[PDB]
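K.L.:
as a preliminary step, the opening chains of the complex are given here in situ:
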Amino acid sequence: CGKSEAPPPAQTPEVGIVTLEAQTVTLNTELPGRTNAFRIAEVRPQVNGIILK
C-alpha cells in the first residue's frame, strides 16, 4: 500500500567552461564594385571615307 518511490538527486556534469581574455585584432569591411581596364582606347576615325580594308 504505497510508501515507496524515493527520489534520488542529480549531479549534472559535462559543462564546457572556456575562458576569454583581451586581444588586438584588425577590422575589415567588404565593399562591392566593378573591375575596369587600366587603359582602354575606343578607336575613332579622324577623316572621312569608306573603309577599304
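P.N.:
Received, thanks. Residues are numbered from 1 along each chain as shown, chains lettered A, B, ... in the order given.
K.L.:
residue A:32 and residue A:38: what is the separation?
P.N.:
Distance of residue A:32 to residue A:38, given as Cβ to Cβ, to the nearest Å: 21 Å. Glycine gets a C-beta too; all of them are placed from N, C-alpha and C.
K.L.:
neighbours of residue A:31, just the number please.
P.N.:
Residue A:31: 4 surrounding residues under other Cβ atoms under 10 Å.
K.L.:
what of residue A:32?
P.N.:
A total of 4 residues lie near residue A:32 under the criterion other Cβ under 10 Å.
K.L.:
next, it: secondary structure please.
P.N.:
coil (DSSP: H, G, I helix; E, B strand; the rest coil).
K.L.:
find the residue at the geometric middle of chain A.
P.N.:
Against the mean C-alpha coordinate of chain A, by Cα atoms, centre = their mean, the closest residue is residue A:30 at 8.5 Å.
K.L.:
for stretch A:32-51, which positions count as buried?
P.N.:
Within stretch A:32-51, no residue counts as buried by 16 or more other Cβ atoms under 10 Å.
K.L.:
with the structure above as the base, add chain B:
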Amino acid sequence: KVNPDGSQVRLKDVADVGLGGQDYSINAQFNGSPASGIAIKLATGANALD
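P.N.:
Now chain B, sitting on the chains shown earlier:
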C-alpha cells in the same frame, strides 16, 4: 535600390528594425509589477465548474 556600379541602399539606412509589439493599445500590470495575462470567457451551454 541598387545601381549597376554596386552602390546600394539597404533597409538599415532608412529605418530601424526590431521585434516589438503587434499592438500597443492594451497593457496590464499586477500590484505595480509589469505583467500580462489572458482573460478567459465561457462558451454558453457549458458548465463553469468543470
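K.L.:
check the neighbour count of residue A:31 one more time with chain B there.
P.N.:
6 (other Cβ atoms under 10 Å in any protein chain shown).
K.L.:
for the residue in chain A that chain B sits nearest to, what are its contacts?
P.N.:
Residue of chain A nearest chain B, by Cβ to the nearest Cβ: residue A:32 (3.9 Å). Counting by Cβ atoms under 8 Å, 6 or more residues apart in numbering or on different chains, residue A:32 makes contact with B:6, B:8.
K.L.:
go on, residue B:30?
P.N.:
residue B:37.
K.L.:
measure it to residue B:38 for me?
P.N.:
13 Å.
K.L.:
same thing with residue A:2?
P.N.:
To residue B:38, residue A:2 is 38 Å away according to Cβ to Cβ.
K.L.:
got it, and residue A:17?
P.N.:
With Cβ to Cβ as the criterion, residue A:17 and residue B:38 are 40 Å apart.
K.L.:
can you check residue A:27 too?
P.N.:
From residue A:27 to residue B:38 the distance is 47 Å (Cβ to Cβ).
K.L.:
burial count for residue B:17?
P.N.:
When neighbours are defined as other Cβ under 10 Å, residue B:17 has 7 of them.
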